[PDB]
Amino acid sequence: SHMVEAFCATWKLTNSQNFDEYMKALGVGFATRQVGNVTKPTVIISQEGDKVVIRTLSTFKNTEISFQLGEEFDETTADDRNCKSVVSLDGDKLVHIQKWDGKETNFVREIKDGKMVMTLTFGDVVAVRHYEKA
């Protein structure tokens, strides 16, 4: 996929806005939130066949998801939520939906001026994270 290629790279977190409140709305407790706030992840996005693969490396733990665009799959998040998830293209954007325990959250990945911007929404709580190619 052409639009996915813009995301395919090794990325490092450079800025985060309101992620603590976002985690709080998800139900993450204070201490685990501290882990989420201090960790600096390395995020590798790639295309392998018809699958998109997102590998995240950090001291806390490493995660890996592999999916076909628009196909629902089971996802265990870094905070151990067991979700039904789907990642789809919306124009040039990647939209990731996570459903668990009757709840729903979504986040959007965009390439803007060569950087990756992730906007996360749960209810009316919004967080924004910036990443740059490593």
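If you superpose the two forms and keep the largest set of C-alpha atoms that fall within 1.5 Å, you have the rigid core. For every residue, the number given is its place in the sequence shown, counted from 1.
Superposition on the core shows that, in 7 other deposited structures of this protein, the C-alpha atoms drift more in one of 46-54 and 28-36; this is 28-36. Relative to one another, 27-35 and 55-63 have unequal mean CA B-factors, and 27-35 is the one with the higher figure. In this entry, 108-116 shows the higher mean Cα temperature factor of the pair 108-116 and 10-18. Among the modelled residues of the chain, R81 sits in the middle third by CA temperature factor in this PDB entry. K99 sits in the middle third of its chain by CA B factor, as recorded in the PDB entry. In this PDB entry, the Cα temperature factor of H2 sits in the top third of its chain's modelled residues, the highest group.
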